[PDB]
Structure formats: structure tokens, C-alpha cells
>>> print(open('input.cif').read())   # mmCIF, C-alpha atoms and all ligand atoms
data_target
#
loop_
_atom_site.label_atom_id
_atom_site.label_comp_id
_atom_site.auth_asym_id
_atom_site.auth_seq_id
_atom_site.Cartn_x
_atom_site.Cartn_y
_atom_site.Cartn_z
CA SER A 1 28.63 28.79 41.96
CA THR A 2 31.15 29.36 39.15
CA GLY A 3 32.09 27.79 35.84
CA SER A 4 35.25 27.88 33.71
CA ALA A 5 35.63 26.48 30.20
CA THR A 6 38.37 26.66 27.57
CA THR A 7 37.42 28.21 24.18
CA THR A 8 39.41 27.10 21.12
CA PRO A 9 39.71 28.75 17.67
CA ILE A 10 38.01 26.65 14.93
CA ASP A 11 40.81 27.30 12.40
CA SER A 12 44.19 29.00 11.87
CA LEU A 13 42.52 32.44 11.29
CA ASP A 14 40.43 32.55 14.55
CA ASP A 15 37.29 32.74 12.39
CA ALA A 16 35.30 31.69 15.49
CA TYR A 17 35.76 29.94 18.85
CA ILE A 18 34.16 26.76 20.18
CA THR A 19 33.53 25.87 23.83
CA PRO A 20 32.43 22.38 24.98
CA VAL A 21 28.94 22.30 26.56
CA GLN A 22 27.34 19.30 28.34
CA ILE A 23 23.62 18.85 27.43
CA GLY A 24 21.28 16.22 28.87
CA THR A 25 21.52 13.10 31.06
CA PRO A 26 23.80 11.31 30.47
CA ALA A 27 25.82 14.26 29.13
CA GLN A 28 26.02 14.88 25.40
CA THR A 29 29.01 17.20 24.79
CA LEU A 30 28.60 19.63 21.86
CA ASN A 31 31.08 22.36 20.81
CA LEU A 32 29.12 25.64 20.73
CA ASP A 33 29.96 29.12 19.50
CA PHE A 34 29.43 31.44 22.49
CA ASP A 35 27.84 34.55 20.98
CA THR A 36 27.43 37.78 23.01
CA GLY A 37 25.55 39.20 19.95
CA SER A 38 22.54 36.80 20.12
CA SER A 39 20.32 35.18 22.73
CA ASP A 40 19.40 31.67 21.48
CA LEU A 41 21.08 28.41 22.58
CA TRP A 42 20.50 26.19 19.52
CA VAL A 43 22.09 22.88 18.48
CA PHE A 44 22.38 20.53 15.57
CA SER A 45 20.16 17.59 16.58
CA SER A 46 18.54 14.26 15.66
CA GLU A 47 15.73 16.47 14.20
CA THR A 48 18.05 18.40 11.78
CA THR A 49 17.32 17.69 8.06
CA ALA A 50 19.85 14.88 7.29
CA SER A 51 21.23 16.62 4.09
CA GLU A 52 22.03 19.74 6.29
CA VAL A 53 24.30 17.78 8.72
CA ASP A 54 27.94 17.29 7.54
CA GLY A 55 30.20 16.22 10.42
CA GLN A 56 28.62 18.14 13.36
CA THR A 57 27.92 16.38 16.67
CA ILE A 58 24.14 16.24 17.25
CA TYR A 59 22.01 16.47 20.36
CA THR A 60 19.51 13.56 20.56
CA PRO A 61 16.79 14.57 23.10
CA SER A 62 15.25 11.06 23.08
CA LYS A 63 18.53 9.76 24.69
CA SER A 64 18.35 12.31 27.56
CA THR A 65 16.32 11.33 30.62
CA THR A 66 16.01 15.03 31.60
CA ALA A 67 14.88 16.37 28.16
CA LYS A 68 11.26 17.64 27.97
CA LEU A 69 9.59 18.98 24.79
CA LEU A 70 8.56 22.63 25.41
CA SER A 71 5.10 22.13 23.92
CA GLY A 72 4.22 24.45 21.03
CA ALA A 73 7.49 26.43 21.17
CA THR A 74 9.34 27.22 17.93
CA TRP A 75 12.30 29.39 17.05
CA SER A 76 13.74 30.99 13.93
CA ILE A 77 16.81 33.24 13.72
CA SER A 78 18.61 35.16 10.96
CA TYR A 79 22.15 36.47 11.69
CA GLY A 80 23.96 39.60 10.39
CA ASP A 81 26.05 37.41 8.00
CA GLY A 82 22.85 36.16 6.21
CA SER A 83 22.90 32.68 7.90
CA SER A 84 19.80 31.24 9.62
CA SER A 85 18.38 28.28 11.56
CA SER A 86 15.00 27.23 12.96
CA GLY A 87 13.28 24.42 14.83
CA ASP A 88 11.51 23.40 18.06
CA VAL A 89 12.51 23.52 21.72
CA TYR A 90 13.36 21.20 24.63
CA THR A 91 14.22 22.04 28.20
CA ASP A 92 17.23 20.09 29.56
CA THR A 93 20.18 20.26 31.93
CA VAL A 94 23.07 22.31 30.45
CA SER A 95 26.55 22.59 32.05
CA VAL A 96 29.45 24.85 31.06
CA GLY A 97 32.80 24.39 32.73
CA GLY A 98 31.24 22.82 35.88
CA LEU A 99 28.34 25.34 36.14
CA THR A 100 24.92 23.60 35.74
CA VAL A 101 21.53 25.08 34.76
CA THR A 102 18.42 22.90 34.95
CA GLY A 103 15.45 23.66 32.71
CA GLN A 104 17.53 25.52 30.08
CA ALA A 105 15.77 26.04 26.74
CA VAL A 106 17.78 23.98 24.19
CA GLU A 107 16.57 25.00 20.71
CA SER A 108 16.74 21.94 18.41
CA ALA A 109 17.44 22.79 14.74
CA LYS A 110 15.12 21.31 12.14
CA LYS A 111 16.76 23.49 9.42
CA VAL A 112 20.10 25.28 9.16
CA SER A 113 21.47 27.42 6.31
CA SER A 114 24.38 26.32 4.12
CA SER A 115 27.11 28.22 6.08
CA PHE A 116 26.23 26.16 9.22
CA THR A 117 26.20 22.82 7.33
CA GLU A 118 29.55 23.73 5.72
CA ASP A 119 31.23 24.36 9.10
CA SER A 120 31.73 20.88 10.65
CA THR A 121 33.44 22.40 13.74
CA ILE A 122 30.41 24.34 15.17
CA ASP A 123 27.66 22.16 16.69
CA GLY A 124 25.44 25.20 17.55
CA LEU A 125 25.40 28.60 19.26
CA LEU A 126 25.12 29.64 22.91
CA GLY A 127 23.74 33.19 23.04
CA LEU A 128 24.96 35.60 25.75
CA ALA A 129 23.23 38.87 24.70
CA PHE A 130 20.14 39.98 26.64
CA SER A 131 17.16 37.58 26.78
CA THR A 132 14.93 40.25 25.14
CA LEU A 133 16.47 39.08 21.77
CA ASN A 134 15.58 35.38 22.27
CA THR A 135 13.50 34.19 19.29
CA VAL A 136 11.40 31.45 20.97
CA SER A 137 7.66 31.84 20.30
CA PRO A 138 5.13 32.10 21.81
CA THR A 139 7.01 32.17 25.15
CA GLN A 140 10.41 33.87 24.98
CA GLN A 141 13.17 31.95 26.80
CA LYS A 142 16.13 33.02 28.94
CA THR A 143 19.82 32.70 28.06
CA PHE A 144 22.10 30.31 29.94
CA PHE A 145 23.66 33.36 31.71
CA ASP A 146 20.27 34.78 32.73
CA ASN A 147 19.21 31.35 34.16
CA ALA A 148 22.57 30.91 36.01
CA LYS A 149 22.87 34.51 37.29
CA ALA A 150 21.13 34.17 40.69
CA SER A 151 23.32 31.06 41.59
CA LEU A 152 26.61 32.71 40.53
CA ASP A 153 29.06 34.06 43.13
CA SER A 154 28.97 37.38 41.15
CA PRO A 155 26.52 38.12 38.28
CA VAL A 156 29.27 38.27 35.61
CA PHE A 157 30.93 36.32 32.86
CA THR A 158 34.29 37.06 31.23
CA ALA A 159 35.67 36.48 27.74
CA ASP A 160 39.41 35.92 27.38
CA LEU A 161 39.84 34.99 23.70
CA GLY A 162 43.26 33.89 22.43
CA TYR A 163 45.13 35.04 19.33
CA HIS A 164 45.83 31.83 17.40
CA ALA A 165 45.51 30.03 20.77
CA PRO A 166 42.92 28.79 23.28
CA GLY A 167 41.30 31.11 25.82
CA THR A 168 38.69 31.00 28.55
CA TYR A 169 35.06 31.83 29.34
CA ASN A 170 34.48 32.20 33.07
CA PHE A 171 31.09 32.51 34.81
CA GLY A 172 30.56 34.00 38.24
CA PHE A 173 34.05 35.33 39.04
CA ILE A 174 36.84 37.58 37.71
CA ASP A 175 40.24 35.78 37.48
CA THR A 176 42.57 38.58 38.69
CA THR A 177 45.57 36.59 37.27
CA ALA A 178 44.20 36.74 33.67
CA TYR A 179 44.89 40.44 32.91
CA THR A 180 47.44 43.23 33.49
CA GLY A 181 46.76 46.57 35.14
CA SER A 182 43.17 47.46 36.11
CA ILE A 183 39.76 46.76 34.51
CA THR A 184 38.08 49.94 33.15
CA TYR A 185 34.29 49.74 33.28
CA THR A 186 32.06 51.56 30.83
CA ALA A 187 28.29 52.07 30.56
CA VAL A 188 26.03 49.70 28.61
CA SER A 189 22.73 50.38 26.85
CA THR A 190 20.43 47.30 26.71
CA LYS A 191 17.89 49.19 24.49
CA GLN A 192 18.75 47.03 21.40
CA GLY A 193 19.32 43.81 23.48
CA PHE A 194 23.12 43.95 22.94
CA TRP A 195 26.18 44.69 25.13
CA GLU A 196 26.20 48.19 23.53
CA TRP A 197 28.78 50.72 24.72
CA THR A 198 30.61 53.86 23.50
CA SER A 199 34.32 53.80 22.79
CA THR A 200 36.11 57.11 23.44
CA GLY A 201 38.20 57.02 20.23
CA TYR A 202 41.06 55.43 18.34
CA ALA A 203 44.63 55.58 17.14
CA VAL A 204 46.32 54.01 14.08
CA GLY A 205 49.78 52.58 14.82
CA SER A 206 51.99 55.13 16.66
CA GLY A 207 49.62 57.98 15.56
CA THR A 208 47.91 60.47 17.91
CA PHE A 209 44.72 59.34 19.61
CA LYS A 210 41.53 60.82 18.07
CA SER A 211 38.87 61.52 20.75
CA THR A 212 35.50 60.58 19.20
CA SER A 213 32.46 58.65 20.48
CA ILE A 214 31.97 55.31 18.68
CA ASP A 215 28.80 53.48 19.75
CA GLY A 216 29.02 49.72 19.16
CA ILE A 217 28.45 46.21 20.50
CA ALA A 218 30.83 43.73 22.17
CA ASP A 219 30.14 40.65 20.01
CA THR A 220 32.11 37.43 20.47
CA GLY A 221 30.08 35.89 17.63
CA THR A 222 31.45 38.30 14.98
CA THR A 223 34.98 37.61 13.67
CA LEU A 224 36.07 41.10 12.60
CA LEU A 225 36.07 44.71 13.86
CA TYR A 226 33.42 46.81 12.03
CA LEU A 227 33.80 50.59 12.46
CA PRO A 228 32.67 53.81 10.73
CA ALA A 229 34.01 54.33 7.18
CA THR A 230 36.04 57.44 8.30
CA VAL A 231 37.92 55.36 10.92
CA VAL A 232 38.47 52.36 8.62
CA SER A 233 39.75 54.63 5.76
CA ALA A 234 42.22 56.23 8.21
CA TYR A 235 43.55 52.79 9.25
CA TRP A 236 44.00 51.30 5.71
CA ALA A 237 45.55 54.56 4.38
CA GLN A 238 48.60 53.55 6.54
CA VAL A 239 49.06 50.26 4.58
CA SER A 240 50.78 50.54 1.15
CA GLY A 241 48.56 49.06 -1.56
CA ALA A 242 45.46 48.52 0.66
CA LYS A 243 42.14 49.17 -1.06
CA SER A 244 38.41 48.58 -0.66
CA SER A 245 37.37 45.85 -3.15
CA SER A 246 33.61 45.67 -4.06
CA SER A 247 34.36 42.27 -5.75
CA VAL A 248 35.88 40.77 -2.56
CA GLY A 249 33.52 42.61 -0.13
CA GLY A 250 35.88 44.82 1.89
CA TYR A 251 39.39 46.09 2.40
CA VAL A 252 42.21 43.90 1.10
CA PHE A 253 45.93 44.50 1.40
CA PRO A 254 49.17 42.97 0.04
CA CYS A 255 50.00 39.83 1.99
CA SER A 256 53.65 41.12 2.02
CA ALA A 257 52.56 44.08 4.25
CA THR A 258 53.38 44.57 7.93
CA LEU A 259 50.15 45.97 9.43
CA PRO A 260 50.03 48.78 12.00
CA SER A 261 48.33 48.32 15.34
CA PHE A 262 44.90 49.78 16.10
CA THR A 263 44.05 51.27 19.49
CA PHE A 264 40.51 51.84 20.83
CA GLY A 265 39.50 53.87 23.89
CA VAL A 266 37.59 52.56 26.94
CA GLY A 267 37.03 55.65 29.00
CA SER A 268 40.54 57.07 29.67
CA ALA A 269 42.05 53.58 29.06
CA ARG A 270 43.40 52.17 25.79
CA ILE A 271 43.31 48.67 24.26
CA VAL A 272 45.95 48.01 21.59
CA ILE A 273 45.15 45.46 18.83
CA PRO A 274 48.52 44.31 17.40
CA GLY A 275 48.79 44.53 13.61
CA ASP A 276 49.09 40.73 13.18
CA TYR A 277 45.55 40.38 14.71
CA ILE A 278 44.19 42.35 11.66
CA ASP A 279 45.58 39.86 9.05
CA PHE A 280 42.88 37.37 7.87
CA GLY A 281 45.12 35.84 5.19
CA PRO A 282 44.73 35.23 1.45
CA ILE A 283 41.29 36.05 -0.04
CA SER A 284 41.53 32.69 -1.87
CA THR A 285 44.02 29.90 -1.51
CA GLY A 286 47.45 30.99 -2.93
CA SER A 287 46.47 34.64 -3.49
CA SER A 288 48.85 37.46 -2.55
CA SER A 289 45.80 39.65 -1.67
CA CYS A 290 44.99 39.35 2.04
CA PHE A 291 41.66 40.15 3.76
CA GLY A 292 41.60 42.88 6.39
CA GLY A 293 40.37 42.42 9.94
CA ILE A 294 39.03 45.99 10.25
CA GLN A 295 36.08 46.66 7.92
CA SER A 296 33.45 49.37 7.41
CA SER A 297 30.16 49.09 9.34
CA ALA A 298 28.48 51.50 6.86
CA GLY A 299 26.28 48.67 5.37
CA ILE A 300 25.35 47.13 8.83
CA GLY A 301 23.70 49.98 10.82
CA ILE A 302 25.83 49.27 13.92
CA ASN A 303 29.52 49.20 14.86
CA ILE A 304 30.74 45.77 16.01
CA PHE A 305 33.63 45.12 18.38
CA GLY A 306 34.06 41.52 17.24
CA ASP A 307 36.78 38.98 18.03
CA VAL A 308 39.63 41.06 16.44
CA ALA A 309 39.02 43.70 19.13
CA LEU A 310 37.88 41.49 22.03
CA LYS A 311 40.81 39.02 21.85
CA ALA A 312 43.19 41.97 22.58
CA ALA A 313 41.47 42.36 26.00
CA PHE A 314 40.14 40.61 29.07
CA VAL A 315 36.43 41.52 28.83
CA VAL A 316 33.94 41.55 31.74
CA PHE A 317 30.24 41.21 30.90
CA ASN A 318 28.75 42.56 34.16
CA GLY A 319 25.09 41.45 34.46
CA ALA A 320 24.36 43.46 37.65
CA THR A 321 20.97 45.23 37.84
CA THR A 322 22.63 48.04 35.81
CA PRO A 323 24.84 46.10 33.36
CA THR A 324 28.31 47.42 32.48
CA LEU A 325 31.31 46.23 30.37
CA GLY A 326 34.89 46.03 31.67
CA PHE A 327 38.09 45.96 29.55
CA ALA A 328 41.66 45.22 30.71
CA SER A 329 44.88 44.71 28.79
CA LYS A 330 46.46 41.22 29.11
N1 LIG B 1 24.09 38.08 16.05
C1 LIG B 1 23.55 38.52 14.80
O1 LIG B 1 24.24 38.42 13.79
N2 LIG B 1 22.22 39.01 14.72
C2 LIG B 1 21.37 39.12 15.95
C3 LIG B 1 20.38 40.30 15.81
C4 LIG B 1 19.42 40.45 16.98
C5 LIG B 1 18.63 39.19 17.19
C6 LIG B 1 19.57 37.98 17.33
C7 LIG B 1 20.55 37.84 16.20
#
>>> encode(input="input.cif", output="C-alpha cells", more="lines below")
Ligand SMILES: NC(=O)NC1CCCCC1
Amino acid sequence: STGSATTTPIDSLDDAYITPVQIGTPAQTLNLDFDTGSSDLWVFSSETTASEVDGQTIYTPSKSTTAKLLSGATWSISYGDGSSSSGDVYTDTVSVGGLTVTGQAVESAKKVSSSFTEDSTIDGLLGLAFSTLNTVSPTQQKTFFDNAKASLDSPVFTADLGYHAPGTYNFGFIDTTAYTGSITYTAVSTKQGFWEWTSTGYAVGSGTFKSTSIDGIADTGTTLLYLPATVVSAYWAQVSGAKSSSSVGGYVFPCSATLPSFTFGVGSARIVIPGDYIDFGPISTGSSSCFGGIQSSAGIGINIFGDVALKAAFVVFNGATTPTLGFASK
């Protein structure tokens, strides 16, 4: 089997991407944030505290003839950005882009934090990291990808995120028309439950490539590119008037600037992030200070190849017995 679904930016900055997901019988279509940095499929629901719902589409398990309460199971998650959600669990039929899993754990939110309530465009998350990070207790549950894997033509999914445009998530096949050149594969460590890999180095604009190992995660659920302070300082030193602002919470730059590109290494290959991809716009409406798309990871404890990096590539998440990542230009 295979599936193929279009992913759409939630706003004009590509702050996140939503992909329609069919849940239940008859189908209830919710727009989920596909997140390769977490392992829970959770939804706004008929159980969510009413004051915490503001425009999201909800899953109502009582209207699905295939929903079953997973007796005793609860979940509770806290993300890197400080947001959180918790609730109970149903099993139900879940389809993505024509690919169907029966008996998927659908985590129903009883509570969500303010950042979720305040984002009317995201109806929940669909986690695509390794199932070892799933929060369900007392019986940990499998991701949608882990449940689908055995039925797929090939045990893979691909992320093809657009810059200010729709893209695609494919399951079970590699669309050889979606990228240029060849795919370079690189080793993955699953020891922290993430798609964790080591970049071979970087370049700023037309500068010389610096060969240096940068361990980090491929995370579709993180907006920005978080890298060591040495690397980030080197990038923003090329932008007149850029500075790290403690008050704003990262590097800012004059909105009048033209930003340089940023290149990262995948083995002997190179992925170039155009400068425009690094512009996240005014810090506040009408400001001439703009927020940077490359930020320090110093305060995180891990480097994160988030959407700024991934949307410059066609990315293969290879879930073979020994997982690997693949990157191609496009
Ligand atoms: N994706 C995140 O922001 N945090 C993850 C940490 C590991 C457990 C699942 C959530």
C-alpha cells in the first residue's frame, strides 16, 4: 500500500504545516501537524475543556462506529516550546492520503495549553518519531507509521515541505519526480527516539564550506533551524545590523536586509537554504526588526533541523530495520 497527502502552511510565514487526516467511521477529517520530533497522534475532541477550544475541528468518538475506548490508557506530553496536552485514548481507523490503519491509538485531548487553543488552524498532532517516545500509559502505543509499515510497498515516508506553498507527505514510496539529482543517505541514531543524524558541516552564503560534525534531529514539527552558537554567530555576522536580542528571544535583523543562504552537509552532498527561507518577518506587527530563521540551540540541549532546513530538501525517513535519512535537492 501507499498514501499521499498534501501539506499546507498554516500562515504566510510557514510557522507550521497541516495535513488532512480521516479519523473514524464515517470519516471525521481533522488537519494535523505531522511531527517527526514526537510520537503521539492526539486531537482536539468532544472531551476537550470547552474554554480551551477556539475554532479547531474536533474528533467526536461517540459518532464513530469503529471507535473503542482504550480502557485505562492516558497520555500527557510537554513539547520543547513549553506547550502541552493530555487526555485519554481511543483506537479507531485513521487514513492519510488513501493509506488506512485500523486500530490506531487516537489520543483525545481533555486539556491543551494556551498556544494550542490560540492556533485555530491545528486540530492536533500526528507524531512520526520512533514509538519509544509515545507517552501513552500504562501501555505505550505505536505511531501511524509504525502501524502502517508492514503493509507499505517500502518501509519509508517522505517529507517535501513547500516554501510559502503546499507540499507533500508520501508513505510507502519515493516519488522520483519530486527531487533533482540523487538522494544522499546518512546514518540515524534512534537512541533518543528521534531521527537523529550528523551533518558534515556548513557554509554561509558564497563562503567556504566548514567541515564539522553537527549532531541533530530532522524535526518537521519545529519551525526554525537551531544550531550551535558558533555556527549561528558566523551566519548572522554576515548580516549588517543583526544581533542577538535577550528581550525578543533570539537573533533579529533589519527587515531591509537581503539575507545570505545557508548550506548544510549531508555526507559529501550539500543542501542550500536560500536566504529568503531564513526571514520570519517583523517581531511585532509594523516593526522594522525581523526575526531570524536560524537560532542558537545552546539553551535546548540538541540541534534541530526544523522546517527552515527540511523545506529546502526532499527528505526520506527510511524505517528499514536499520533506519536511515535521505536528503535530495529539489
Ligand atoms: N517534539 C518536542 O518538542 N518534544 C518531544 C520530546 C520527546 C518526547 C516527545 C516530545
>>> closest_residue(input="input.cif", among="A:69, A:273, A:239, A:129", to="ligand LIG 1 (chain B)", atoms="all atoms listed in the file")
A:129
>>> residues_near_ligand(input="input.cif", ligand="ligand LIG 1 (chain B)", cutoff="9 Å", atoms="only C-alpha atoms and all ligand atoms", output="list in words")
residues 35, 36, 37, 38, 39, 40, 77, 78, 79, 80, 81, 82, 83, 127, 129, 132, 133, 134, 135, 192, 193, 194, 219, 221 and 222 of chain A
>>> write_last_selection(input="input.cif", atoms="C-alpha atoms", output="mmCIF file, in the coordinates of the input")
data_model
loop_
_atom_site.group_PDB
_atom_site.id
_atom_site.type_symbol
_atom_site.label_atom_id
_atom_site.label_comp_id
_atom_site.auth_asym_id
_atom_site.auth_seq_id
_atom_site.Cartn_x
_atom_site.Cartn_y
_atom_site.Cartn_z
ATOM 1 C CA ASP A 35 27.840 34.550 20.980
ATOM 2 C CA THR A 36 27.430 37.780 23.010
ATOM 3 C CA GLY A 37 25.550 39.200 19.950
ATOM 4 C CA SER A 38 22.540 36.800 20.120
ATOM 5 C CA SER A 39 20.320 35.180 22.730
ATOM 6 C CA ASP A 40 19.400 31.670 21.480
ATOM 7 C CA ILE A 77 16.810 33.240 13.720
ATOM 8 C CA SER A 78 18.610 35.160 10.960
ATOM 9 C CA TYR A 79 22.150 36.470 11.690
ATOM 10 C CA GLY A 80 23.960 39.600 10.390
ATOM 11 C CA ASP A 81 26.050 37.410 8.000
ATOM 12 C CA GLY A 82 22.850 36.160 6.210
ATOM 13 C CA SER A 83 22.900 32.680 7.900
ATOM 14 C CA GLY A 127 23.740 33.190 23.040
ATOM 15 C CA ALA A 129 23.230 38.870 24.700
ATOM 16 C CA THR A 132 14.930 40.250 25.140
ATOM 17 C CA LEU A 133 16.470 39.080 21.770
ATOM 18 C CA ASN A 134 15.580 35.380 22.270
ATOM 19 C CA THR A 135 13.500 34.190 19.290
ATOM 20 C CA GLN A 192 18.750 47.030 21.400
ATOM 21 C CA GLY A 193 19.320 43.810 23.480
ATOM 22 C CA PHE A 194 23.120 43.950 22.940
ATOM 23 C CA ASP A 219 30.140 40.650 20.010
ATOM 24 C CA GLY A 221 30.080 35.890 17.630
ATOM 25 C CA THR A 222 31.450 38.300 14.980
#
>>> atom_distance(input="input.cif", atom1="atom CA of residue 50 of chain A", atom2="atom CA of residue 111 of chain A")
9.4 Å
>>> residues_around(input="input.cif", residues="residue 29 of chain A", least_positions_apart="4", cutoff="9 Å", atoms="only C-alpha atoms", output="compact mmCIF listing (two decimals) with C-alpha atoms, keeping the file's coordinate frame")
# COMPACT_ATOMS: atom_id res chain seq x y z
CA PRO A 20 32.43 22.38 24.98
CA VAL A 21 28.94 22.30 26.56
CA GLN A 22 27.34 19.30 28.34
CA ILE A 23 23.62 18.85 27.43
CA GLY A 24 21.28 16.22 28.87
CA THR A 57 27.92 16.38 16.67
CA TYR A 59 22.01 16.47 20.36
>>> atom_distance(input="input.cif", atom1="atom CA of residue 75 of chain A", atom2="atom CA of residue 142 of chain A")
13.0 Å
>>> closest_residue(input="input.cif", among="A:255, A:174, A:122, A:229", to="residue 33 of chain A", atoms="all atoms listed in the file")
A:122
>>> residues_around(input="input.cif", residues="segment 7-14 of chain A", least_positions_apart="5", cutoff="7 Å", atoms="all atoms listed in the file", output="list in words")
residues 19, 121, 164, 165, 166, 167, 168, 169 and 280 of chain A
>>> build_atoms(input="input.cif", residues="segment 95-106 of chain A", atoms="N, CA and C atoms", output="PDB file, keeping the file's coordinate frame")
ATOM      1  N   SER A  95      25.382  22.245  31.207  1.00  0.00           N
ATOM      2  CA  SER A  95      26.550  22.590  32.050  1.00  0.00           C
ATOM      3  C   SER A  95      27.649  23.150  31.162  1.00  0.00           C
ATOM      4  N   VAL A  96      28.271  24.190  31.674  1.00  0.00           N
ATOM      5  CA  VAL A  96      29.450  24.850  31.060  1.00  0.00           C
ATOM      6  C   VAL A  96      30.547  24.920  32.101  1.00  0.00           C
ATOM      7  N   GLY A  97      31.628  24.202  31.871  1.00  0.00           N
ATOM      8  CA  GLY A  97      32.800  24.390  32.730  1.00  0.00           C
ATOM      9  C   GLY A  97      32.486  24.108  34.182  1.00  0.00           C
ATOM     10  N   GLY A  98      31.616  23.147  34.488  1.00  0.00           N
ATOM     11  CA  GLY A  98      31.240  22.820  35.880  1.00  0.00           C
ATOM     12  C   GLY A  98      30.046  23.579  36.422  1.00  0.00           C
ATOM     13  N   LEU A  99      29.528  24.564  35.722  1.00  0.00           N
ATOM     14  CA  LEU A  99      28.340  25.340  36.140  1.00  0.00           C
ATOM     15  C   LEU A  99      27.097  24.752  35.464  1.00  0.00           C
ATOM     16  N   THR A 100      26.096  24.348  36.249  1.00  0.00           N
ATOM     17  CA  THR A 100      24.920  23.600  35.740  1.00  0.00           C
ATOM     18  C   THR A 100      23.670  24.454  35.851  1.00  0.00           C
ATOM     19  N   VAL A 101      22.903  24.510  34.778  1.00  0.00           N
ATOM     20  CA  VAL A 101      21.530  25.080  34.760  1.00  0.00           C
ATOM     21  C   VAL A 101      20.547  23.964  34.426  1.00  0.00           C
ATOM     22  N   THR A 102      19.544  23.802  35.279  1.00  0.00           N
ATOM     23  CA  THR A 102      18.420  22.900  34.950  1.00  0.00           C
ATOM     24  C   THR A 102      17.305  23.680  34.263  1.00  0.00           C
ATOM     25  N   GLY A 103      16.591  23.011  33.388  1.00  0.00           N
ATOM     26  CA  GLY A 103      15.450  23.660  32.710  1.00  0.00           C
ATOM     27  C   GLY A 103      15.888  24.710  31.703  1.00  0.00           C
ATOM     28  N   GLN A 104      17.085  24.590  31.134  1.00  0.00           N
ATOM     29  CA  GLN A 104      17.530  25.520  30.080  1.00  0.00           C
ATOM     30  C   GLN A 104      16.774  25.209  28.806  1.00  0.00           C
ATOM     31  N   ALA A 105      16.316  26.225  28.092  1.00  0.00           N
ATOM     32  CA  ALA A 105      15.770  26.040  26.740  1.00  0.00           C
ATOM     33  C   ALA A 105      16.923  25.673  25.801  1.00  0.00           C
ATOM     34  N   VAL A 106      16.832  24.504  25.209  1.00  0.00           N
ATOM     35  CA  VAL A 106      17.780  23.980  24.190  1.00  0.00           C
ATOM     36  C   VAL A 106      17.002  23.944  22.876  1.00  0.00           C
TER      37      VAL A 106
END
